[PDB]
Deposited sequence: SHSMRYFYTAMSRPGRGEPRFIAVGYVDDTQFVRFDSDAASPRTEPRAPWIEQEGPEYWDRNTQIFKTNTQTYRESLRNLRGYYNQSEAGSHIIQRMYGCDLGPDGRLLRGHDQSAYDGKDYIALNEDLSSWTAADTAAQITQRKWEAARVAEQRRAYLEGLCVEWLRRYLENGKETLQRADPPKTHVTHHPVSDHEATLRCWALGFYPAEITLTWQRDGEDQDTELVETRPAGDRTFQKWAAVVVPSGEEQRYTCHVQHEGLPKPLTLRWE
């Protein structure tokens, strides 16, 4: 039912400096933390109302990881332009997404740690959280460096520990918004479904299937039967 996710970007500049590091944290589509490297004194910023109750030590533990990452990701980009024979004169990007999924029960369903270079898949942690998945001969270079540094074991201990403890804690503090399900307001072609939460909805074959778009009130919209979590019974629509 619930999940946590961190999204990183490490984008190259045209000279010897200075790459930009953005980090963003989510609890099922709801942005809660944001760090941007560009600023005189970059700090991790709250984005959701429920994260504001956290202490100074929490805001500094995050800032230190993200500021170290602003450095650790510069060396990684250089290593990468090195395996791929790229000049300093281009803009190159490393994208990463990691996190945990849990069931209604309260146990970790599966852990994630995925990376991409220049927009496409580069290295990923497997279901057993004990082995890696490489894309090209340059990814097998990263993998060997990771098997040696016991990288998977650290990610597994985090995903099974810290990540589960903090998600359950975030879900508890923000239960009024996170643990609640808003049902879609429907109208009829056109098969509309407005103001629902979460995004996962089924509107029902070769039909006009538009992507799930955000409203700006943390609610969702989309455009036959409307199946959603917030409904105790799947809606039957036809008009006139």
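Coordinate coverage of the deposited sequence is interrupted at 189-199, 216-222, 242-255, where no C-alpha atom was modelled.
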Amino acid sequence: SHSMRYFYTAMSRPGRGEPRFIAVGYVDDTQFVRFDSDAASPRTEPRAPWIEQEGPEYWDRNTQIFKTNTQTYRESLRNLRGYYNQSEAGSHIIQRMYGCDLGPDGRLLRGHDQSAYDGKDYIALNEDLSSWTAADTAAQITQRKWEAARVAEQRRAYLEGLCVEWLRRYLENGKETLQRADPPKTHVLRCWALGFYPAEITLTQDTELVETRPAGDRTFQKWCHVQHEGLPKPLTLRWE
From here on, numbers count along this sequence of modelled residues.
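Mean CA B-factor, 143-151 versus 88-96: the higher value falls on 88-96. In this entry, 120-128 shows the higher mean Cα temperature factor of the pair 120-128 and 154-162. Ranking 199, 33, 27, 209 by Cα temperature factor from the entry places 209 first. Ranked by Cα temperature factor within the chain, residue 114 sits in the middle third according to the deposited record. Ranked by Cα temperature factor within the chain, residue 186 sits in the highest third according to the deposited record.
Ranked against the other modelled residues of its chain, the C-alpha B-factor of residue 81 as given in the entry falls in the middle third. Placement of the Cα temperature factor of residue 9 within the chain: lowest third of the modelled residues, per the deposited record. Remark: residue 220 belongs to the middle third of its chain, ranked by C-alpha B-factor as recorded.
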